[PDB]
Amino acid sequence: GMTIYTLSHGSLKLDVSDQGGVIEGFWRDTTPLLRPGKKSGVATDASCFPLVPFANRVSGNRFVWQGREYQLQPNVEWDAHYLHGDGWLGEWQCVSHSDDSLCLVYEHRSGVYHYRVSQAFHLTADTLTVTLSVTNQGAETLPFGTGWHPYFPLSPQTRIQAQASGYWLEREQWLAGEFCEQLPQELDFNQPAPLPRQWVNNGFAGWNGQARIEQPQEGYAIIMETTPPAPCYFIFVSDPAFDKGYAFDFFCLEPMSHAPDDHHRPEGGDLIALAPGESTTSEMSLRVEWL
């Protein structure tokens, strides 16, 4: 059944569910740093979910790797494309839980990718560190990636800053389209900027793995750092036309270890080739600071 694990240190508190390995809350005192989760067991209602064994979609639900054609099947009812891997949809097991740390594991043995993944969480007085480590357990080498999909509170006063040298236009089926090196002003977060008040679903390239989310109305900022530095991020802002219960109360800034559709680029782009038994690890940290 569903389990929620709580960690705390000082004024920071984190709730994590075994359903999807999702964060269900992250707070400083009563102030939400991530959007509070519904604890519904549906990852898209949570505060953050992990992306493994890759992030986003592979256009056409197919790809060639080392001369062999692989085909994926849709994993959620609401998207024609296989989306965000399997971790977010699976039930995880807890292997450790202490006052300020938690480790969950998930094993997948169906579909294209077979693997084991661990997700570790750690709290200090001002920082949450989350680590994903994934091991290929299949019979062939495949290209892997990791990432996360956090949901942050959104205010008219919120501003973000995240280096980018270009972006992919959104095309049909929610897919990444043409790559473009001129960022429109409204989507240019190289210097702190507001979120647009309209649908946004776009990937950005040229990132240095570091972001700043400013919440001036509450007097804090969150400093996001990834190790190894992530090269791409997605921004999501919804619209009251795709989500009738949406009032611009959250947005997502999603770090990814690879570019969308890297499965189609030479040697897999920034995807990491893992032979059977090989692993790769990424870390995201979120640090709260007085602005």
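Start at 1 with the first residue shown and count on from there.
- The PDB entry reports B-factors from which the mean C-alpha value can be compared for 41-49 and 222-230; the larger average falls on 222-230.
- 265-273 and 15-23 differ in mean CA B-factor, and the higher of the two is recorded for 265-273.
- Per the PDB record, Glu181 has a higher Cα B-factor than any other of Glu91, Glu181, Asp86, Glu170.
- Out of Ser118, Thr124, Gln73, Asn202, the entry records its largest CA B-factor for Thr124.
- Among all modelled residues in this chain, the alpha-carbon of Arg62 has a temperature factor (C-alpha) in the lowest third.
- In this PDB entry, the Cα temperature factor of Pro150 sits in the bottom third of its chain's modelled residues, the lowest group.
- Per the PDB record, residue ranking by Cα B-factor puts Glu77 in the middle third of the chain.
- In the deposited entry, the Cα temperature factor of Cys252 places it in the lowest third of its chain's modelled residues.
- When the modelled residues of the chain are ordered by C-alpha B-factor, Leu175 sits in the lowest third.
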